[PDB]
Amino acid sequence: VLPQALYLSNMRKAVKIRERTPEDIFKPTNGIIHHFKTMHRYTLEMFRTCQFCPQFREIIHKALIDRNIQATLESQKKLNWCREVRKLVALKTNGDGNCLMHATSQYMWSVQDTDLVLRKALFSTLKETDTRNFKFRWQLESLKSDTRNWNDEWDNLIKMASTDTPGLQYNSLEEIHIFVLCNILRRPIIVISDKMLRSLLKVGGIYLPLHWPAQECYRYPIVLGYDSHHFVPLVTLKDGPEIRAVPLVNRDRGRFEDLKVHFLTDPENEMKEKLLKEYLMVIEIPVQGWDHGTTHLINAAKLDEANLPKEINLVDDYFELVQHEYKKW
């Protein structure tokens, strides 16, 4: 019926978007990490489906939405658990070992990382610059959770970022790769991950571009979901009264558990709340208490409004195809 998956809606447009990305990268010569000049500020929003009928809804949802990860994260009260906030929806992402990049790229630009532009930029930073501060931060985080050979393990993580064949086409990436990536984008990344109930994953949590001053970074996050070694973007649904925000804590039975903030130094961790407020637009939302009567204020970060112009938006072209195809029923 409709396209069988998003990218088919305007292939020429996708190519145009992809072709713009490597030209937006600025490569300094004073040792500052390479980074995007403008495109990191873009954000996708998904269109509403409620106006359509179940046979149609079904084909749009089977086409665009990863309903398996969406159900897993919702059923654990990790995704879409606050009544105050706008729904997020998981978009299908290719599972080829480059999905961290495909999901990040879709969240901003509605296309996956099929030219390997983000993957290469990550590997180039890891391979060709001094990474001593990234290494230190990762050592600290490694020791907060046998005999470690630091040099050998660091070299392996650099190797994992390469485009070389080893979830089979590329090596899977892990936390440090997310942290380096957010510094290339100058934009925080928040990962909502599958995780065992405390009564019984470490990739979940908040990655800040700490190698830049907050004033030089975009202050709405990219929001990804993670499950079974797979990343997806979790994009906001157009709707208020509900507000665009993502909670920065999870429920844990009758208490709350802060999302992990990754790769901090010790003094940063002491002023974590202050740091979060610099790099994100942190608001407080009242939620129902699962121990005490009434209510508890929790921190959340504001999410961006859709700003990805039509001329670079597969989702807009997709929706216009939907409308055409719809009115014929």
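Throughout, we count residues from 1 along the sequence that is shown.
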item	value
At least a third of the other entries leave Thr147 unmodelled	yes
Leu234 unmodelled in at least a third of other compared entries	no
Size class of the missing deposited segment between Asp239 and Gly240	1 to 3
Size class of the missing deposited segment between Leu200 and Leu201	4 to 9
Mean Cα B-factor comparison, 179-187 or 157-165, giving the higher one as deposited	157-165
46-54 versus 266-274 - which carries the larger mean C-alpha B factor in the record	46-54
Largest Cα B-factor, entry values, listed residues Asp194, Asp115, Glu84, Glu141	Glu84
Candidate residues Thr38, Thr294, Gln70, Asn299, the one whose C-alpha B factor the record puts highest	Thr294
Among modelled residues of the same chain, the CA temperature factor third for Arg253	middle
CA B-factor placement of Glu216, once the chain's modelled residues are sorted into thirds	middle
Lowest, middle or highest third - CA B-factor, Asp130	highest
Third assignment of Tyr107 from its chain's C-alpha B-factors	lowest
Record-listed C-alpha B factor of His34: chain third	middle
